[PDB]
Amino acid sequence: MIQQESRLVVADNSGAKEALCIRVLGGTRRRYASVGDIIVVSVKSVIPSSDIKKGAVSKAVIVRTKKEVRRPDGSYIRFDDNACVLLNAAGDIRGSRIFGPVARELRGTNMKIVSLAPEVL
Amino acid sequence: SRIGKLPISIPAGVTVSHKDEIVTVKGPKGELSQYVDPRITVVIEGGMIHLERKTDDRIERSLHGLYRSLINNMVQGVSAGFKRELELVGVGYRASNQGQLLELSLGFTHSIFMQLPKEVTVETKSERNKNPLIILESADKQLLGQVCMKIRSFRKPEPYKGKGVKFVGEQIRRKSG
Amino acid sequence: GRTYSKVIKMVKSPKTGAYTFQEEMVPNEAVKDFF
Amino acid sequence: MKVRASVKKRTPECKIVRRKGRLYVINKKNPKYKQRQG
Amino acid sequence: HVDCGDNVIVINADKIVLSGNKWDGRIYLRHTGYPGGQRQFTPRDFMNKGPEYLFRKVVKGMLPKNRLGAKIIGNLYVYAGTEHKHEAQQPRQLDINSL
Amino acid sequence: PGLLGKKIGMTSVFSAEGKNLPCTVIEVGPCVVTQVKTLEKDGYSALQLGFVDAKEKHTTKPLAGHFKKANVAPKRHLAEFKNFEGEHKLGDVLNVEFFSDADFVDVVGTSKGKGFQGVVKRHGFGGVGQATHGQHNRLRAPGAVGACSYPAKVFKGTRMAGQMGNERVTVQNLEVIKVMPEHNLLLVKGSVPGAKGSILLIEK
RNA sequence: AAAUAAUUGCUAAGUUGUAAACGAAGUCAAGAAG
RNA sequence: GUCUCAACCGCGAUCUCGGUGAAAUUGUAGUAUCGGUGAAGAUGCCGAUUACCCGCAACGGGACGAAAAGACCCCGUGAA
RNA sequence: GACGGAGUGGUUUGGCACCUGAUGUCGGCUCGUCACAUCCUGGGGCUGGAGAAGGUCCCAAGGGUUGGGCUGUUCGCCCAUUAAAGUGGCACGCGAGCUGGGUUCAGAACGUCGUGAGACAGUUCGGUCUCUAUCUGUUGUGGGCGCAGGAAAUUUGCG
RNA sequence: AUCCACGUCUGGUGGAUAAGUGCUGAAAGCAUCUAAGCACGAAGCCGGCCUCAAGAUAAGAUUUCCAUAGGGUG
Ligand SMILES: C=C[C@]1(C)C[C@@H](OC(=O)CS[C@@H]2CC[C@@H](N)C[C@H]2O)[C@]2(C)[C@H](C)CC[C@]3(CCC(=O)[C@H]32)[C@@H](C)[C@@H]1O
Ligand SMILES: [K+]
Ligand SMILES: [K+]
Ligand SMILES: [Mg+2]
Ligand SMILES: [Mg+2]
Ligand SMILES: [Mg+2]
Ligand SMILES: [Mg+2]
Ligand SMILES: [Mg+2]
Ligand SMILES: [Mg+2]
Ligand SMILES: [Mg+2]
Ligand SMILES: [Mg+2]
Ligand SMILES: [Mg+2]
Ligand SMILES: [Mg+2]
Ligand SMILES: [Mg+2]
Ligand SMILES: [Mg+2]
Ligand SMILES: [Mg+2]
Ligand SMILES: [Mg+2]
Ligand SMILES: [Mg+2]
Ligand SMILES: [Mg+2]
Ligand SMILES: [Mg+2]
Ligand SMILES: [Mg+2]
Ligand SMILES: [Mg+2]
Ligand SMILES: [Mg+2]
Ligand SMILES: [Mg+2]
Ligand code: NA
């Protein structure tokens, strides 16, 4: 349950560390974004001597949420934080490593995250 | 009218009648019945059809010529018939009929299947390296004209190439690209 | 592709008497039922 | 088709017809000269 | 100020004649009372309901707009066919063309 | 066509495909045909059904003569359904197997009664202003009810406070999960209007 | 309230019974050139 | 919980019953709607339309609603 | 599409001064309702329409038509979206429904004008928004009588 | 438990037409979708979906009871 002005942890080695959601894509009054959704962010803080800059505007994909996610088999999953991964203009990710677990929802959206994540759910 | 003051020479082996405001022509190709308005009168004499009107008003001046032509179209309909040739143009366009069923492949994803009445017989002479030809015959000008333009409406000819469904040798609006 | 086909037949109408136009889109293996 | 308060022929092959109380200019050879509302 | 007229029975009312382009050319207007609630209907729309729905509307409007007029409109009976049931009242025959 | 039922409650079940499904349990009990209505007599064709057994102490004499004519045990609820297929006569008995060929059903019920409710809950009004920033006493107010001297009135159909709920409601295309002829039980996916124990019409 | 009055034409637009420059001339009457 | 975007809970007010019992306001009223008309924005005029008789709760569009002989503006051979 | 010409409307700025012992005013909030001169979605004619993408005109008001930064703002500029982020009327709709940032009281200060009291094609900080709903209107909910004898149920649907 | 959304389930389904397209066809020997006829043609109109609805004073219909039927107060 992420909306405009929410702050997320950046969960890849792209250089960015904290991001602010500017927009939830895909609808006129689409209020919330869940795992596997695409958002537009501004980078709020970075590691010293990184590639991307503080204040850049980027697309990202959500990989973890605090609000529990429902599965068709009657199970739920929630995480301790909200996290995303930055994407480039061509739809691919801008980093190499993913830090922390990712949800199984991305098995239907982006196989690059799932292949190089320490654990799925 | 000039048109409506003309006799129609009733050909060999067709019979004409008049009963209850209805003019009926019978011949080899069938029978056609056409209502005629009580203020335009016809009399069958000597095997000829003559029309006349009393008042020279415009509501009869229009009807006089109209009813001469409707009968003149009926008499030639039941004796000789009426010819129309459709020619599909553009590669990948095929026509073929089985019985009265018509099959048309005009470029869409689907196919087209049309059943015609016994008034309009169907035939299709489609040679190789040559365009398919659709031939329709009937005794009714109005109905055969109705069917002919429904088939052409599926694919109207375009200007940029002569592609589409056209009457045989029909003058086509062309336009370079 | 090859998931439907167009079928047309003309039936006389009681309101007027002249032939109307009946149209549908049925799967390719169903036109023999319609005609 | 264009709609004008005054419709003329504008071409030798144009003809003016009345269709249900309204005037039209029709031209099969060159449809760019079609008009309405005579 | 008194109801002194004659009770009238109209028969063959389905063969009434309207001239011109009036059957589907004469627009009636009414309002439901809700915003955007104006509606249109024609004399042919009434004929579908029945002759007694066109005649009643037309005869109304030619009558006084008061309590007495509301009473006397009930003295009118309109029928489609030639068949009615008032033989106990012994209705008289009148040639309307004689009026 | 359809039958009368009683809402029992909700539960969740696992399907064979392995999905968790919310289901509503309805007792579509035995219904007797209590009156046949025909064209030539009534103006239309329909069947009147009776559902819940009633004691004689609770049946008035006019209704007693109604069931005695049909030669059936008196019932508590009566309803009409149309467009059957099979020409059932007086005193016939219908049951849950009627729906054994049904894929989806419609359920008509009466919703729970909320009483008198304000515009915020009845119509989802936004409310006037914020909770702070100079708000005095119009937090759950409707706001303006019309324009000025023209109109000079409130239009019909204006949304206001009033009674909410306790009204007939229809829910369409409910997927049938299972029919249990042993207990006169029907299982449908989803929720239906009304409280437990309420009377429902199930249309095939 | 008082003529479904008498007689002769025009209008087909419900025009009527209480706007123009500019089009097409829908129709009726009387002419002109040729 | 300022908001997205509201939900629920407690008491006091509120509602019903018993007791006591004001006020502002008030030419007379059996006080509907629409368009027109009009001292030029009509419950009350005209032509239509709709409406069985009588309450209670709830909301404020109109009665150019109430209150205060407009402070603005101008005027007075006014005043301070 | 120049030079010119004929109209329609009354949402701008004006002209007139006809209503007014008081007819509350900008912007926003809430709640809408109507028009169509249509922003999207639907249907078409023409094209200097190859296709794709457009341009222009015609029919069409059923539904829909975003969230932020700045500013009292309307309006605008900008950011990110969306199928689209329409234009207007209704006392520039709506303060006996809200607010009170702006304008327009009494305090004070600057620039400027005046000898001064004071003043402003200006600016700046501060500065009480009253009323228990009679009639009508609207949303809900009852009592009486009627329905050509009285009742218990189930109903058709004018709308 | 109740009440709820941030939850879950369900829903937005032939006729006559507009702009247009035509057939046959004269007035006006040709031309012409129109004058006589006819076939089409929009999220729009009417039906179809949901709810109310006989004070619809034009107050409707059906089944049954009474002439102990049925009610009110509690
Ligand atoms: C006092 C009259 C008011 C409340 C308001 C009035 O505003 C003015 O008088 C602006 S001047 C202002 C007045 C107060 C002075 N202390 C300072 C001075 O600046 C206004 C807006 C109109 C211009 C006149 C008519 C009006 C009724 C309709 C309306 O909209 C009202 C009158 C009749 C209304 O009662
Ligand atoms: K009004
Ligand atoms: K007048
Ligand atoms: Mg309740
Ligand atoms: Mg709120
Ligand atoms: Mg306050
Ligand atoms: Mg408060
Ligand atoms: Mg008289
Ligand atoms: Mg309390
Ligand atoms: Mg008391
Ligand atoms: Mg007025
Ligand atoms: Mg009025
Ligand atoms: Mg006042
Ligand atoms: Mg004074
Ligand atoms: Mg004005
Ligand atoms: Mg006064
Ligand atoms: Mg338009
Ligand atoms: Mg205003
Ligand atoms: Mg106020
Ligand atoms: Mg007000
Ligand atoms: Mg001062
Ligand atoms: Mg302070
Ligand atoms: Mg206040
Ligand atoms: Mg011709
Ligand atoms: Na000085």
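Chains as they are written, first to last, in PDB author numbering: chain N, 1 to 121; chain 13, 2 to 178; chain 15, 14 to 48; chain 8, 1 to 38; chain M, 52 to 150; chain E, 2 to 205.
We put the CB at the ideal spot given by N, CA and C, even for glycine.
For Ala-60 (chain N), write down the residues that DSSP places opposite it in a beta bridge.
-> Taking the first sequence and counting its residues from 1, the one referred to as residue 60 (chain N) is at position 60. DSSP output for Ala-60 (chain N) lists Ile-39 (chain N), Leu-86 (chain N) as bridge partner(s).
Could you list which residues in chain 15 have their beta carbon closer than 8 Å to that of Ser-112 (chain 13), in chain order?
-> Taking the first residue of the second sequence as 1, we reach residue 112 (chain 13) at position 111. When 8 Å is used as the limit between beta carbons, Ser-112 (chain 13) is near these residues of chain 15: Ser-18, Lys-19, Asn-41, in chain order.
Examine the Cβ distances between the stretch 14-26 of chain N and the stretch 45-58 of chain N and report whether three or more of them are shorter than 8 Å.
-> yes
Beta-carbon proximity of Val-121 (chain 13) to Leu-137 (chain 13), cut-off 7 Å = Start at 1 with the first residue of the second sequence, and residue 121 (chain 13) comes out as number 120. Start at 1 with the first residue of the second sequence, and residue 137 (chain 13) comes out as number 136. Taking C-beta atoms as the reference points, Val-121 (chain 13) and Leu-137 (chain 13) count as a pair closer than 7 Å.
Is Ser-58 (chain N) near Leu-86 (chain N), with beta carbons less than 7 Å apart?
-> As a first step, residue 58 (chain N) must be located in the first sequence, where it is residue number 58. As a first step, residue 86 (chain N) must be located in the first sequence, where it is residue number 86. Yes, they are a contact pair.
Does any CB atom of chain M fall closer than 7 Å to the CB of residue 228 (chain E)?
-> Given that chain E is displayed from residue 2 to residue 205, the structure contains no residue 228 (chain E) and the question cannot be resolved.
Could you check the C-alpha separation between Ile-21 (chain 15) and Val-169 (chain 13) for me, to the nearest Å?
-> As a working mapping, residue 21 (chain 15) is identified with position 8 in the third sequence. As a working mapping, residue 169 (chain 13) is identified with position 168 in the second sequence. If I take the Cα positions, the gap works out to 24 Å.
Return the Cβ separation of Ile-39 (chain N) and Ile-98 (chain N) in integer angstroms, given the expectation that the two are a contact with Cβ distance under 8 Å.
-> Position 39 of the first sequence holds residue 39 (chain N). Position 98 of the first sequence holds residue 98 (chain N). So it is not a contact: roughly 17 Å between Cβ atoms.
Could you tell me whether the Cβ atoms of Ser-80 (chain 13) and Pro-12 (chain 13) are closer together than 7 Å?
-> Along the second sequence, read from residue 1 onward, the residue named residue 80 (chain 13) stands at position 79. Along the second sequence, read from residue 1 onward, the residue named residue 12 (chain 13) stands at position 11. Going by C-beta atoms, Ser-80 (chain 13) is nearer than 7 Å to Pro-12 (chain 13).
Thinking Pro-75 (chain E) and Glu-57 (chain E) are a contact (beta carbons under 8 Å), I'd like their distance in whole angstroms, please.
-> Position 74 of the sixth sequence holds residue 75 (chain E). Position 56 of the sixth sequence holds residue 57 (chain E). Right, their Cβ atoms sit about 7 Å apart.
Could you tell me which chain E residues have their CB closer than 9 Å to the CB of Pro-72 (chain N), listed as they occur along the chain?
-> As a first step, residue 72 (chain N) must be located in the first sequence, where it is residue number 72. Correct list: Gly-19, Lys-20, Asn-21.
Alpha-carbon spacing of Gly-66 (chain E) relative to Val-53 (chain E), whole angstroms = On the sixth sequence, residue 66 (chain E) is found 65 positions in, with the first residue counted as 1. On the sixth sequence, residue 53 (chain E) is found 52 positions in, with the first residue counted as 1. Going by the C-alpha atoms only, they are around 17 Å apart.
Taking only heavy atoms of ligand 2 into account, decide whether any of them is closer than 6 Å to the Cβ of residue 267 (chain E).
-> This structure cannot settle anything about residue 267 (chain E), because the visible part of chain E is limited to 2 through 205.
C-alpha gap between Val-41 (chain N) and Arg-78 (chain N), whole angstroms = As a working note, residue 41 (chain N) is residue 41 in the first sequence. As a working note, residue 78 (chain N) is residue 78 in the first sequence. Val-41 (chain N) and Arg-78 (chain N): Cα-Cα distance of roughly 22 Å.
Contiguous alpha helix (DSSP H) assignments of at least 4 residues, all confined to the stretch 20-44 of chain 15 | Within the stretch 20-44 of chain 15, no alpha helix (DSSP H) run of at least 4 residues lies entirely inside it.
If we ignore side chains and look at the alpha-carbon of each, how far apart do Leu-95 (chain E) and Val-34 (chain E) end up?
-> Start at 1 with the first residue of the sixth sequence, and residue 95 (chain E) comes out as number 94. Start at 1 with the first residue of the sixth sequence, and residue 34 (chain E) comes out as number 33. Between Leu-95 (chain E) and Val-34 (chain E), the C-alpha separation is close to 8 Å.
Output the residue ranges of the beta strand (DSSP E) runs that lie fully inside the stretch 5-72 of chain E and measure 3 residues or longer, sorted by chain position.
-> 21-28, 32-38, 47-51
Measuring CB to CB, does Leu-50 (chain E) end up less than 7 Å from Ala-80 (chain E)?
-> Numbered from its first residue, the sixth sequence carries residue 50 (chain E) at position 49. Numbered from its first residue, the sixth sequence carries residue 80 (chain E) at position 79. The answer is yes: Cβ separation under 7 Å.
Take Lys-69 (chain E) as the anchor and find which of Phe-105 (chain E), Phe-99 (chain E), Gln-36 (chain E) has the nearest alpha-carbon.
-> For the purposes of this step, residue 69 (chain E) is taken as the residue at position 68 of the sixth sequence. Across the set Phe-105 (chain E), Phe-99 (chain E), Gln-36 (chain E), the C-alpha of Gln-36 (chain E) shows the shortest separation from the C-alpha of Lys-69 (chain E).
In terms of alpha-carbon separation, which member of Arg-4 (chain 8), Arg-36 (chain 8), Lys-2 (chain 8) lies closest to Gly-21 (chain 8)?
-> By 1-based counting over the fourth sequence, the position of residue 21 (chain 8) is 21. Nearest C-alpha to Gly-21 (chain 8): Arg-36 (chain 8).
Taking the alpha-carbon positions, what's the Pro-31 (chain 8) to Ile-23 (chain 13) distance?
-> Taking the fourth sequence and counting its residues from 1, the one referred to as residue 31 (chain 8) is at position 31. Taking the second sequence and counting its residues from 1, the one referred to as residue 23 (chain 13) is at position 22. Rounded to whole angstroms, the separation of the alpha carbons of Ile-23 (chain 13) and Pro-31 (chain 8) is 41 Å.
Starting from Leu-102 (chain 13), find everything on chain 15 with Cβ-Cβ shorter than 8 Å and list it in chain order.
-> The sequence position of residue 102 (chain 13) within the second sequence is 101, counting from 1. Neighbours of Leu-102 (chain 13) on chain 15, chain order: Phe-48.
For the putative contact between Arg-85 (chain 13) and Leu-145 (chain 13), defined by C-beta atoms under 8 Å, what is the C-beta separation to the nearest angstrom?
-> Translated into the one-based positions of the second sequence, residue 85 (chain 13) becomes position 84. Translated into the one-based positions of the second sequence, residue 145 (chain 13) becomes position 144. Yes, they are in contact, since the Cβ atoms of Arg-85 (chain 13) and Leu-145 (chain 13) sit about 7 Å apart, within 8 Å.
What's the C-alpha gap between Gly-195 (chain E) and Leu-202 (chain E)?
-> Working through the sixth sequence from its first residue, we reach residue 195 (chain E) at position 194. Working through the sixth sequence from its first residue, we reach residue 202 (chain E) at position 201. Computed Cα separation, rounded: 12 Å.
Anything in chain E within Cβ reach of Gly-84 (chain M), meaning under 8 Å, just list it in chain order.
-> Locating residue 84 (chain M) in the fifth sequence gives position 33, counting from the first residue. Taking a Cβ-Cβ cut-off of 8 Å, the neighbours of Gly-84 (chain M) in chain E comprise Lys-157, given in sequence order.
Which residues does DSSP pair with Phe-117 (chain E) in a beta bridge?
-> Mapped onto the sixth sequence, residue 117 (chain E) falls at position 116. Partner(s): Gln-164 (chain E).
So, residue 231 (chain E) versus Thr-171 (chain E), is the Cβ gap smaller than 7 Å?
-> In this structure chain E extends from 2 to 205, so residue 231 (chain E) is not present and cannot be described.
Does any CB atom of chain 13 fall closer than 7 Å to the CB of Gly-30 (chain 15)?
-> Numbered from its first residue, the third sequence carries residue 30 (chain 15) at position 17. No, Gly-30 (chain 15) lies away from the interface with chain 13 (no Cβ there is under 7 Å from its Cβ).
Closer than 7 Å, CB to CB, is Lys-22 (chain 15) near chain 13 or not?
-> Counting from 1 along the third sequence, the entry for residue 22 (chain 15) is found at position 9. Cβ-Cβ to chain 13 under 7 Å: yes for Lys-22 (chain 15).
Would you say the beta carbon of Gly-128 (chain E) comes nearer than 6 Å to a heavy atom of ligand 5?
-> Locating residue 128 (chain E) in the sixth sequence gives position 127, counting from the first residue. True, at least one ligand heavy atom lies under 6 Å from that Cβ.
Specify whether the stretch 110-127 of chain 13 and the stretch 22-34 of chain 15 touch according to this definition: at least 3 beta carbon pairs, one from each stretch, less than 8 Å apart.
-> Taking a cut-off of 8 Å on C-beta distances, the stretch 110-127 of chain 13 touches the stretch 22-34 of chain 15, as three or more cross pairs fall below it.
Starting from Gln-91 (chain M), trace the beta strand (DSSP E) both ways and give me its first and last residue.
-> Along the fifth sequence, one-based indexing puts residue 91 (chain M) at 40. It spans 89-92 - the beta strand (DSSP E) in which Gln-91 (chain M) sits, taken as one unbroken run.
Around ligand 6, which residues pass a check of Cβ closer than 7 Å to any of its heavy atoms?
-> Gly-135 (chain E), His-137 (chain E)
Between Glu-88 (chain 13) and the rest of its own chain, which residues show a CB-CB distance below 7 Å, the 5 nearest in sequence each way excluded?
-> Here the question's residue 88 (chain 13) lines up with position 87 in the second sequence. For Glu-88 (chain 13), where only same-chain residues beyond five positions count, the Cβ hits under 7 Å are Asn-132, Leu-134, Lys-167, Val-169.
Under a Cβ-count criterion, where at least 16 other Cβ atoms within 10 Å of its own Cβ denotes burial, should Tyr-130 (chain M) be classed as buried or exposed?
-> The sequence position of residue 130 (chain M) within the fifth sequence is 79, counting from 1. Classification of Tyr-130 (chain M): buried, given that the 10 Å Cβ count is 16 or more.
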